[PDB]
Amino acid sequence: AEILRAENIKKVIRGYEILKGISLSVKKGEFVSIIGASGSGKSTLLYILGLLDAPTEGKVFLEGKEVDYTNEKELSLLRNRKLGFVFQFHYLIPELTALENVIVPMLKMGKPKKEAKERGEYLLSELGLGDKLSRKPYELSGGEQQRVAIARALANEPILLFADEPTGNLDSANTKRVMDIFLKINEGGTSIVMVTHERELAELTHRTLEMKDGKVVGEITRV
């Protein structure tokens, strides 16, 4: 039940081939991790798979349909409708409450405000922030802000979450809390593709792609 495929993806950045021909697929419901040395192309690949950057060569298919990277507005539309993102950085809006931050993407897509606020409240309860709904981000710790960002990532019921180093800058306890959140999300059926520096975190996922110098050099599958 493919949800994502890449075919012969290459990416040139400043005259160098950062990605050198990658093909992969991801099934609906799968938790896939990507590991490899710094400069291997892991984040570059994730940004292409997540419709943030276009490939130089190759094709990407989302839910079995080829992605057209040539109209920015239409690409943003598809991305906002289908995908959610978590990064090391939380990109909260500091003048808005934790609740308001979560419903932003829903309002953007035209979801009615009542319905949107209820969803933002369900999501935030789900992620241990029911008590911080009205808090502004500069009041929240990094770990709490990550939980706001994950709630927001789930706002439009995405079919795929992309996570780029989601536990960076997080202590042990918050790293475990956030990884457990991802595990529970994936259990509910949402696919996740996660780039990580931590092999111990990759070990908790169903499949790991190992990268080196812009190629996939290894694949690890865990049952």
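Start at 1 and count along the sequence shown; that's the residue number.
Engineer: Do the C-alpha atoms of 149-157 or of 109-117 have the higher average B factor in the entry?
Structural biologist: Per the deposited B-factors, the answer is 109-117.
Engineer: Can you tell me which stretch has the higher mean Cα B-factor, 72-80 or 130-138?
Structural biologist: The stretch with the larger average C-alpha B-factor is 130-138.
Engineer: Based on what the PDB entry reports, which of 58, 64, 50, 188 has the top C-alpha B-factor?
Structural biologist: Most elevated C-alpha B-factor of the set, per the entry: 188.
Engineer: From 170, 54, 45, 35, which pick has the Cα B-factor that tops the rest in the entry?
Structural biologist: The listed residue with the largest C-alpha B-factor is 170.
Engineer: For the chain shown, is the CA B-factor of residue 122 in the lowest, middle or highest third of its modelled residues?
Structural biologist: It belongs to the highest third of the chain when residues are ordered by C-alpha B-factor.
Engineer: Based on the deposited C-alpha B factors for this chain, I'd like to know if residue 217 is in the lowest, middle or highest third.
Structural biologist: CA B-factor rank for residue 217: middle third.
Engineer: Split the chain's modelled residues into thirds by Cα B-factor; is residue 3 in the lowest, middle or highest one?
Structural biologist: Tercile = middle for this residue's CA B-factor.
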